[PDB]
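Chemist: Before I ask anything, let me first share the structure, which is written out below as structure tokens.
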Amino acid sequence: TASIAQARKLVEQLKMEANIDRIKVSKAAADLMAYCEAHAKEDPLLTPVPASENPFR
Amino acid sequence: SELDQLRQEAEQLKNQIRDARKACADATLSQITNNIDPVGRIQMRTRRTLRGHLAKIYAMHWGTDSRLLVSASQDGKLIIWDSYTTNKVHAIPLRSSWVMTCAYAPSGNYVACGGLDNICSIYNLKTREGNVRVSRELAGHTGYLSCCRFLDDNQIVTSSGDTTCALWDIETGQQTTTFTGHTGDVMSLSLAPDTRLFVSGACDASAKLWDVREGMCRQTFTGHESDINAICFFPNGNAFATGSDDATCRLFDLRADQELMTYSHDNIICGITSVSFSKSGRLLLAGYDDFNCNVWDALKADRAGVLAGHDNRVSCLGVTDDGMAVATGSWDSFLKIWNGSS
Amino acid sequence: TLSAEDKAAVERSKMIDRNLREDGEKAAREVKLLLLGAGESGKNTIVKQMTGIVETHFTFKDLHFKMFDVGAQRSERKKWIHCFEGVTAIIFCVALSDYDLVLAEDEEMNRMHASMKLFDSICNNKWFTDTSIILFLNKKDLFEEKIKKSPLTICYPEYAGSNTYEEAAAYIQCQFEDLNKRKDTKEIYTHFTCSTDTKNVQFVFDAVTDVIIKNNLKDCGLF
Amino acid sequence: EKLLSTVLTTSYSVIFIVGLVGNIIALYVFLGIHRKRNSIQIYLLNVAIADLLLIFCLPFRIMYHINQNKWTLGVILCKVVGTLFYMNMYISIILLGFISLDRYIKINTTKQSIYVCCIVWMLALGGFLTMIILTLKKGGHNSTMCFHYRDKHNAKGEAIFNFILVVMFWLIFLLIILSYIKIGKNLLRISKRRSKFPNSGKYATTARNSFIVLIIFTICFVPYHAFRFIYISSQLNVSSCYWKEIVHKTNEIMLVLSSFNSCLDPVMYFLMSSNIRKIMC
Amino acid sequence: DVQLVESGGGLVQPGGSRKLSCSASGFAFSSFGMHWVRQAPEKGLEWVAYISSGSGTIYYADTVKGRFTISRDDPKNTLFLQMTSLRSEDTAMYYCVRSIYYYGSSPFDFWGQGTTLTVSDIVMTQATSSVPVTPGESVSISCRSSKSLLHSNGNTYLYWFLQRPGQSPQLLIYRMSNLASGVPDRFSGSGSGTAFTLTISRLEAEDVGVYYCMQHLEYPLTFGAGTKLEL
Ligand SMILES: CC(C)CCC[C@@H](C)[C@H]1CC[C@H]2[C@@H]3CC=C4C[C@@H](O)CC[C@]4(C)[C@H]3CC[C@]12C
């Protein structure tokens with residue numbers, strides 16, 4: 001009775017995942033684009049800093 | 001009878017979830033970020049080369065000060081590096097040389113490692129005796145330890161090859177919470193910035209989002225065609241990227257509960273070992289079996305640059321908390337520190 | 001151009017490198033052996049004669065051996081088999097008495113044929129292209145007893161040889177060595193062991209020494 | 001010099017074509033294909049470089065014989081090219097002496113290998129400067145010819161230094177003979193003891209390759225240095241004009257044979273090592 | 001527990017020789033560099049010698065160079081100081097001090113009890129010799145250096161020590177701002193360039209003692225005169 005017991009748990013788990021609130025992909029995409037834009041200047045890898053400010057000269 | 005009826009209900013629930021995700025898939029991330037300008041060409045030079053490991057390096061992790069890092073190799077040595085000077089701060093001899101993961105505590109007082117011995121060993125870096133000693137050996141996993149991450153000095157999350165993740169109380173040595181639900185070996189995990197959630201990738205080609213306090217799986221992310229080897233949270237905690245053996249990287253969104261973008265190239269046919277984001281999240285750095293590290297544009301899925309400085313697999317990489325540099329570890333026994341120049 | 005404590009920190013790093021160099025020299029003189037095989041195939045008996053990974057250390061004629069047993073891991077083999085890339089040799093154990101037996105888990109798969117598929121994958125694995133294999137054929141005394149009652153035709157339908165022990169033992173050895181799809185890069189050393197045998201360690205030493213010498217001849221460029 | 005010039009022009013052209021192509025491919029394998037190197041491959045990298053520089057000196061000698069022994073590039077360049085040829089010929093001999101010593105120890109270290117090569121290159125470079133200074137200081141050299149016979153009556157120091165190199169060669173060639181013979185005999189007895197094994201013909205083949213390396217080194221270099229004692233003594237002592245030109249012709253022909261090792265150093269390594277054959281194929 | 005016991009001191013004739021021993025227990029002796037520091041009676045601290053971990057680097061003070069020899073026995077965890085041609089100027093209490101050097105380490109963290117010997121350069125200034133204090137009141141101690149102790153790597157190699165009456169010195173502040181392990185948070189070290197201040201909020205009875213500021217920018221290590229706190 002291992003398979004039947006596992007089936008009950010798997011069905012119950014899928015119920016929890018199916019009841020979540022989902023936002024639109026466009027709304028989620030905009031937030032990712034907004035976050036990158038807001039922190040773009042403080043990203044040394046994206047915009048390399050002058051050699052005077054680089055600890056790894 | 002009952003088993004057949006139940007497995008039909010599971011398919012109905014899967015169809016309900018798939019329809020729900022398709023309903024909110026009004027647009028694509030590629031369409032949204034089409035107008036924005038590309039990041040251009042990303043050129044990074046090897047500022048430092050860390051020598052001293054005599055075997056394949058399997059894991060590395062930066063400290064929170066963005067200067068100290070710990071690397072693990074299967075020569076049975078844990079080494080702590082001063083990245084600014086390349087000085088070796090410590091060399092920790094491991095009881096078991098088959099180490100597969102290592103973690104640096106955010107406080108800097110502890111490091112952790114573990115591999116095929118099924119044990120997560122905690123090492124105290126600040127002792128009155130002046131040497132690093134084992135403070136705890138976390139037993140309880142029935143498979144190899146693939147990843148570990150500290151939440152604080154007393155809590156750590158470990159993923160194992162026995163298909164389960166665990167949250168441990170270091171002081172008592174017992175796993176307070178066990179995270180079950182993966183049908184394959186869990187290969188990696190990443191902690192959310194607030195350390196209230198974490199994602200794990202397994203060999204069932206699925207990524208699950210776990211609640212640390214509640215102890216259950218909140219969401220399941222599918223879409224990969226092979227084992228997931230690497231996973232990393234987006235800096236804001238609302239997304240994560242995965243790396244699989246199918247030569248693809250995918251960006252999943254927590255709130256949209258679906259994949260947003262795929263990072264693959266026709267030339268790339270090798271598996272991915274490690275993934276990380278830049279400080280702003282605009283760049284996705286991935287290590288590959290073809291001895292290279294490819295820098296991707298996260299928003300536009302464009303290959304911004306290539307880090308080609310290793311003669312074997314890039315097994316691990318990580319970006320500092322301040323975003324100043326990226327370290328890459330490799331099976332050629334060397335670590336290299338990269339950043340660009342104006 | 002360094003401070004007083006900086007010059008002392010560099011000296012500490014130099015001492016660490018000295019200890020790392022010494023440990024690398026010591027580790028490079030030790031023979032590392034990956035022990036494989038099927039369950040209840042004599043592997044446990046081999047360890048006596050010599051929950052994660054079990055390591056055995058022994059010394060024989062001024063040579064230190066490390067034997068790694070990974071039979072207690074039920075996880076995916078392809079996720080950790082590359083960790084043993086670089087061992088001196090692979091010790092593969094096969095039970096000869098299990099030719100007519102049936103695998104307990106599958107209940108319809110021949111036990112001997114289960115060893116061939118395990119041997120074929122390991123021998124032809126991409127991580128062990130240049131790694132020799134020391135094939136141990138255990139339970140030879142019990143294999144002879146089962147020969148009289150159960151002939152080899154059950155295990156191999158296309159076996160036209162005689163039912164003598166010597167012919168039966170040699171035929172099984174040939175089949176395993178024929179699974180080697182790379183007969184030039186690697187070599188297979190076959191030995192017939194038993195519960196009461198005491199020369200099993202000697203054969204490992206002879207086979208390991210042969211592998212070590214042939215590695216030097218490739219480094220020197222003369223071979 | 002009618003017959004000799006024709007022979008040298010063709011002989012050095014064959015060596016140049018094989019040497020330039022052969023060493024560049026060899027120089028590719030040690031740099032491009034291979035990322036990590038052992039001590040033996042460290043020496044063979046420098047032997048390839050030393051043999052490659054020797055090859056680049058051949059066009060100067062080839063052009064000289066093409067113009068019927070008329071040299072025009074100048075006395076300074078003739079001494080630089082002439083001494084550079086001998087400099088690289090003795091870097092190979094010294095390094096091949098170290099390869100035999102390294103192979104003997106391994107069959108019967110990477111950091112220690114790099115120091116040895118750097119010391120040899122600096123010591124060889126100093127000898128190149130020593131010869132140039134000692135030769136130009138006298139300043140009695142005609143600009144009408146190069147690579148010719150010179151009775152060094154007034155340059156006894158230059159001749160004595162050459163004599164030291166010939167004695168130095170016979171010390172190294174003694175080391176090479178004493179090692180490759182020991183290597184060859186060591187692997188022959190091992191093949192007898194280990195006759196009953198899956199692969200016992202590997203030791204017989206490897207012992208065969210040990211004697212082939214010794215034979216190529218002996219054929220290429222021994223004839224030149226055996227006769228060099230006669231060549232040196234003829235320069236110091238007073239000899240007939242008829243005898244002087246016999247020594248010049250013998251030395252130049254044997255110098256072609258000694259230069260042929262610059263082509264057989266990469267080819268010998270390609271065929272003997274199974275790794276490189278599989279990598280190429 | 002971490003222990004450092006000195007022996008070999010005693011009354012000696014001028015021009016004689018004496019051998020000082022420092023036995024270490026409870027810590028990895030071979031991993032720590034070792035210093036000898038002496039203190040003349042009713043005087044401040046004076047650095048004598050230094051031997052690094054692994055015995056590769058050895059330094060001496062000019063006043064003792066050529067006469068004193070410092071050595072260590074790692075298997076026995078013993079530190080030695082061979083002294084010759086002893087003068088009346090060498091009469092002092094000799095302290096055994098451990099110091100380990102790596103990124104983020106705290107050198108001079110543990111001092112020995114000291115042994116008494118009786119015989120028959122950046123300038124560190126502590127102008128205020130004594131300060132009358134009352135419990136619960138904030139006290140500031142000032143230190144000055146002839147040279148700037150700020151290095152180009154951002155570290156300021158200034159150390160603060162406390163020597164309670166009858167006790168060995170204890171580390172309070174290392175590199176001018178960091179608080180030593182086991183020291184209450186009320187102690188705080190502040191400085192810039194050549195001027196440094198040690199602030200003690202809510203002074204207690206235990207805080208009574210002499211305070212020394214030491215520079216570790218370069219050898220020879222020099223101590224300040226010392227500031228005494230009295231009730
Ligand atoms: C007058 C000139 C032509 C003499 C020759 C100069 C050049 C070609 C010689 C002199 C010093 C030599 C170098 C000496 C040491 C090394 C380190 C070794 O690991 C690689 C070869 C290498 C790098 C040599 C390359 C060739 C070299 C640079």
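Numbering starts at 1 and runs along the chain as it is shown here.
Cβ atoms here come from the backbone N, Cα and C positions, even for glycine.
What the PDB entry records for this protein is below:
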type: SEQADV; residues: B:340-342; note: expression tag
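Feature list, courtesy of Swiss-Prot:
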type: MOD_RES; residues: B:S1; note: N-acetylserine
type: MOD_RES; residues: B:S1; note: phosphoserine
type: MOD_RES; residues: B:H265; note: phosphohistidine
type: REPEAT; residues: B:45-93; note: repeat 'WD 1'
type: REPEAT; residues: B:94-139; note: repeat 'WD 2'
type: REPEAT; residues: B:140-180; note: repeat 'WD 3'
type: REPEAT; residues: B:181-222; note: repeat 'WD 4'
type: REPEAT; residues: B:223-266; note: repeat 'WD 5'
type: REPEAT; residues: B:267-308; note: repeat 'WD 6'
type: REPEAT; residues: B:309-339; note: repeat 'WD 7'
Chemist: About how far apart, in whole Å, are the alpha carbons (Cα) of B:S1 (N-acetylserine) and B:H265 (phosphohistidine)?
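Modeler: Pair distance, Cα basis, whole Å: 47 Å.
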Chemist: Would you identify the secondary structure of B:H265 (phosphohistidine) according to DSSP, in three states?
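Modeler: In the DSSP reduction, B:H265 (phosphohistidine) maps to coil.
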Chemist: Looking only at residues six or more beyond either end of the repeat 'WD 5' (B:223-266), which have a C-beta under 8 A from one in the stretch?
Modeler: 20-21, 24-25, 28-30, 184-185, 187-194, 197, 199-207, 209, 272-277, 279-281, 284, 286-288, 294, 296, 298-299, 301, 303
Chemist: Of the stretches B:140-180, B:181-222, B:267-308, B:309-339, which racks up the most C-beta pairs under 8 Å with the repeat 'WD 1' (B:45-93)?
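Modeler: Checked against B:140-180, B:181-222, B:267-308, B:309-339; highest Cβ contact count belongs to B:309-339.
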Chemist: Of B:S1, B:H265, the modified residues given in the record, which has the fewest other CB atoms within 10 A of its CB?
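Modeler: It is B:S1 that, of the modified residues B:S1, B:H265, has the fewest other Cβ atoms within 10 Å.
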Chemist: Check the DSSP secondary structure of B:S1 (N-acetylserine), expressed as helix, strand or coil.
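Modeler: For B:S1 (N-acetylserine) - judged by DSSP and reduced to three states - the answer is coil.
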Chemist: How about long-range neighbours of the repeat 'WD 7' (B:309-339): same chain, 6 or more residues beyond its ends, C-beta under 8 Å?
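Modeler: For the repeat 'WD 7' (B:309-339), the sequence-distant neighbours (Cβ-Cβ under 8 Å, at least 6 residues beyond its ends) are 44-51, 53-62, 64-66, 69, 71, 73, 81, 83, 273-280, 285, 287-289, 291-293.
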Chemist: What same-chain residues lie close to the repeat 'WD 6' (B:267-308): Cβ under 8 Å, and 6 or more beyond its ends?
Modeler: 29-30, 33-34, 36, 38-44, 226, 229-236, 241-249, 251, 261, 314-319, 321-323, 326, 328, 330, 336, 338
Chemist: Which residue counts does DSSP yield for the repeat 'WD 4' (B:181-222) in the helix, strand and coil classes, in that order?
Modeler: 0 helix, 24 strand, 18 coil
